[PDB]
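Counting with the UniProt record's numbering, you get residues 1 to 162 for the letters of the sequence shown.
The C-beta atom is built at its ideal place from N, Cα and C for all residues, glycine as well.
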Amino acid sequence: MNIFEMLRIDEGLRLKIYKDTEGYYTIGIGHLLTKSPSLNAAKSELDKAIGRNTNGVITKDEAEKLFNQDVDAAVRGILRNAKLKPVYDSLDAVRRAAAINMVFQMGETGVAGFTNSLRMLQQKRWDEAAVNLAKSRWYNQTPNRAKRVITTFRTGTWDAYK
Ligand SMILES: CNc1ccccc1
């Protein structure tokens with residue numbers, strides 16, 4: 001198990017444009033295309049990302065390419081965020097994957113509002129952090145996925161993904 005396998009489980013793989021849990025046009029392995037309610041706008045974003053006229057359909061290779069870029073961009077974003085970087089750096093590799101998972105799902109900004117969880121995670125108060133993390137819109141809207149990510153934060157193991 002690793003960050004790529006973890007997010008592949010949580011996000012799935014779909015080669016046609018679909019709506020994510022929030023109703024936003026998405027493709028591949030959780031690659032958000034747009035928050036716009038326009039399908040044509042999403043197809044435009046897809047063509048831009050892939051570099052060809054896709055007509056709402058991509059290959060597995062293309063999906064995995066976007067997935068690579070998205071994971072890489074999530075990590076690089078964390079490291080350029082003044083609030084997230086110190087907490088991330090303080091974590092072990094397993095919990096770092098849980099950190100990337102969150103940023104991948106809700107964006108950098110969404111996570112930065114977990115100020116109290118971030119502090120508990122840096123202090124390594126794992127049970128407390130796990131309790132605080134679940135007191136969120138994130139947990140309430142996606143409980144099963146959030147439980148897995150929180151368990152990873154709590155334990156520093158891959159038990160929730162086995
Ligand atoms: C709580 N998730 C998270 C995300 C990014 C860096 C540290 C922690």
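Reference residue i; option with closest CA among the options
i    : options                  : result
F67  : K43, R14 and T21         : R14
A42  : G30, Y24 and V131        : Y24
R119 : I100, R148 and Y88       : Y88
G30  : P37, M6, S38 and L39     : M6
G77  : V103, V131 and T54       : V103
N81  : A146, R8 and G113        : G113
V131 : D20, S117 and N140       : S117
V149 : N101, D20, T109 and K135 : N101
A74  : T54, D92, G107 and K60   : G107
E64  : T109, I50 and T54        : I50
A97  : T21, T155 and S136       : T155
Beta-carbon separation (whole angstroms), residue i vs residue j, contact threshold 8 Å
i    : j    : result
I3   : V71  : 6 Å
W158 : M1   : 4 Å
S90  : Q122 : 5 Å
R95  : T26  : The pair is not a contact, with the Cβ atoms about 26 Å apart (cut-off 8 Å).
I58  : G12  : Not a contact, Cβ separation roughly 14 Å.
Residue i: CB within 7 Å of a non-hydrogen atom of ligand 1
i    : result
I78  : yes
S44  : no
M102 : yes
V75  : no
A99  : yes
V111 : yes
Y88  : yes
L84  : yes
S136 : no
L7   : no
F67  : no
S36  : no
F4   : no
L118 : yes
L13  : no
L33  : no
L39  : no
Opposing strand residues paired with residue i [DSSP bridges]
i   : result
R14 : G28
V57 : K16
Cβ of residue i within 8 Å of any chain C Cβ
i   : result
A93 : Among the protein chains of the structure shown there is no chain C, as only one such chain exists.
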